[PDB]
């Protein structure tokens, strides 16, 4: 329900005055309320205040890749009825594999539209706990499937697009569409590995790594995209739980990244964890108190509503702290149109007709088609047209709900690889074969019989929610169970053999890489509701592959070279380094790697520049139309991409940078720019524009300070160093962005 501002008990409170300042309306609502009532509404499952006609409002809604199940979400229980389903896009890991920022904005628009409709039905809030922008740093993380990948720059671009699409522009022009929430702020990328439970874990993070790896995405989300909400993390960073750290919430989130009057929710009773099990405060009241003074405005739990009155009476917090939090929450609601009449709000008109739109379904399909990565191919793909009888085998072959990952809703449909092969007209012999993770070989003979007479074999396997999930990290990053044994037995048949490696995290597929009998390999992640159709469109050649790995495929032994608790990224006395930036070993498949159905010849469309003076770049930063010096340009490369093959294809141009100047050691590579060139027909030459910022090229020192250093720099335009360029910066080392030193 919404408050009645025409006739309800608040119709003369300034909150119901539609032309008034939002913060003034929030202050008028808060000032008319009892301290005890305000404390009552410091939690996600807020009762409202019946005395003033303020209805209940639940802050906990989920929409990570489409409207999702949550305490605040209500799917209809009649399967064909209104609000019985919503568009279930692929997991953000495949979305990040697309490297298509525009597509991310479109997907965010669809999600916000459907969420608005559900809220108009009383089946969702106006306020969703998305996105997850913690880098998928360690390959074992059970929640990395929820993220765009392991590169902070890529995550930053992704999250800019997603926040602006979800909230409706860079500002509430009339209103917020929905209020997004970039979540788990501060060093959270671990579930329960080796008994290190997230709710008791202490992330020891250097200042350099905090500023260089763990927070740039929050820069983009909070400072550049103007998110209206941040969620503070379960864990501790350097001894202080996130939600009770005023250095993190005030100095970094609100001040450095400019959240301002935007509100901060805890993770779901992380305030409770500040007491138990973090043992940071010796009482629950003091846990609530220090979390509130640090900057946690609303508690995803009942701890605040049970303790904050005690905390005011014990002088641990003031009534004004509670009032400030409440003003933040209600100001956000005011900017959402909560206290405005629905007559002039188009977003208050969206209904069930606006959910599973033909265009939204096509968009989910397009996302899956651009995200799937072709890891290996010898020409077998796209499938020969004489291929007719196909055996589909594996614990993912007929995957329906598996394709949705976690944090999902109810989809209108789930098109499995099996069904999409049947939709395409193939004569299919299906066999489970074996489970995701078991020692039972009973199904092997059945799969062999399915494959014995076939024209081609499609094995679909990997990991899923039973292997990686919130609260469960992986111990091994190998294929689970005996899946590889069955793939080997199928390869013995020496037929055309295609292997679909699914799941969010990567598994060691090097054995498949080295086998001549495995003719093709694709990573399908969690591909969403139309995943099978996308995969089969790729297999048949109806759509050409173009997706690229958003994370590294590590060799299995990586799990023995570094513990998951090691928050450092640089190589060390005990670490081979983390991510493509620092890993000293040999990935099975590199970050950004991907194959196409055609060849590309790359050259310079404009002659690239050779030298820059640092003071000149800093001076010109003031005169480019950007809000902060780190957002101003270094340059824009123009690359010509000739389709030298015979098949129309997209191409993701990825610009990597390396340097030896400034702080040592330097990363091996950093992704500084990328762009998706669409629909290059055979013979044509398309031009890709690659814009690098001063912030992407500036180095972070031991203090978290980001500066421009004068030295020699190089750039290249694929993982295969497809063209290459050297330039040089000259002048004084000059600071581009400061860093608040830890309290």
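Numbering follows the first chain given and starts at 1.
Looking at 650 to 658 and 271 to 279 together, the entry lists the larger mean B-factor for 271 to 279, computed on C-alpha atoms.
The deposited model assigns a higher average Cα B-factor to 341 to 349 than to the other stretch when 341 to 349 and 516 to 524 are compared. The PDB entry gives the largest Cα B-factor of the residues 323, 388, 137, 452 to 388. Residues shown: 76, 469, 404, 161. Highest C-alpha temperature factor in the entry: 76. Compared with the other modelled residues of the chain, the Cα B-factor recorded for residue 726 ranks in the middle third. Compared with the other modelled residues of the chain, the Cα B-factor recorded for residue 313 ranks in the highest third. For residue 621, the recorded CA temperature factor ranks within the middle third of the chain's modelled residues. Per the PDB record, residue ranking by Cα B-factor puts residue 58 in the middle third of the chain. Among the modelled residues of its chain, residue 169 has a C-alpha B-factor that falls in the lowest third, as given in the PDB entry.
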